[PDB]
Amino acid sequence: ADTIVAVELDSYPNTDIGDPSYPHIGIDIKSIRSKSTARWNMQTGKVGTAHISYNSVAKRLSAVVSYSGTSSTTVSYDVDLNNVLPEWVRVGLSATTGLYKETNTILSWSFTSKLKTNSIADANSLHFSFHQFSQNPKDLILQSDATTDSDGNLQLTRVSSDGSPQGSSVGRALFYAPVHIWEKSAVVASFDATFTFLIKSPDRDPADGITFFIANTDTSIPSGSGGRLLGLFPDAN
């Protein structure tokens, strides 16, 4: 199976698979059953921002999800990620809908990785920043239902021509280049990511959520990973 580390913006509480009974953000290490979660009062119809960070010295993966003037939700988990993940990875965004639905719209996305040693210059770095998305994003690997729209937004899950969200959808976008996140000789490795998003929904209980994730380079949407599994996992183990 794939090897997954993710930060989930989980709009829909699936208490039968261990979610808290409220919308939440979470840190997922090789399981949909988050190792740490925080209560997230998600604001449908408003643009949110997520900031995710990690470095191999502190060994604390953290995320903050904010809406301007309203809320800042934070979650952290202590984990040696370079122990969990392979040395080379791809990074990506995923989203799903299931029986219930929402737009999973990404307006911008940036990422930086550094692999350092014995200099003020990091032996290796990758950075990308998208403040919008082109009609043919040749530097993204689009998986499942993911597409870019005429506004320059990345629609992870299916929307109709009027922008209405559809159920039973799954989509992912990976950055095209593999990222070298560890080498046995590294002194420190770090990564940071930010994205902005817009979740709209006509449903009283929108679903299912958005993730930022890191995986083996050849990662693909698992069979049966729809809805509550966020396009990341084949099961709820």
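Residues carry their position along the shown sequence, with the first being 1.
Student: Mind pulling up the entry and telling me whether 159-167 or 131-139 has the higher mean Cα temperature factor?
Tutor: Taking the mean C-alpha B-factor of 159-167 and of 131-139, the larger value falls to 159-167.
Student: On average, which has the higher Cα B-factor in the deposited entry, 181-189 or 53-61?
Tutor: Stretch with the higher mean C-alpha B-factor: 181-189.
Student: In terms of CA temperature factor as recorded, identify the highest of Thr117, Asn104, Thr112, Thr74.
Tutor: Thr117 has the highest C-alpha B-factor of those listed.
Student: Of the options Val91, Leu154, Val84, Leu126, which has the highest CA B factor as deposited?
Tutor: Result of the comparison over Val91, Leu154, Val84, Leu126: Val84.
Student: Once the chain's modelled residues are ordered by C-alpha B factor and cut into thirds, is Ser108 in the lowest, middle or highest one?
Tutor: Its C-alpha B-factor, which the entry lists for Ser108, ranks in the lowest third among residues of this chain.
Student: Lowest, middle or highest third: which one holds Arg204 when the chain's residues are ordered by CA B-factor from the entry?
Tutor: Highest third.
Student: State the tercile, meaning the lowest, middle or highest third, of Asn216 with respect to the CA B-factors recorded for its chain.
Tutor: Its C-alpha B-factor belongs to the middle third of this chain's values.
Student: Place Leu229 in the lowest, middle or highest third of its chain's C-alpha B-factors, as listed in the PDB entry.
Tutor: CA B-factor rank for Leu229: middle third.
Student: Classify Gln43 as lowest, middle or highest third according to the C-alpha B-factor given in the PDB entry, relative to its own chain.
Tutor: Within its chain, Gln43 is a highest-third residue by C-alpha B-factor, going by the deposited values.
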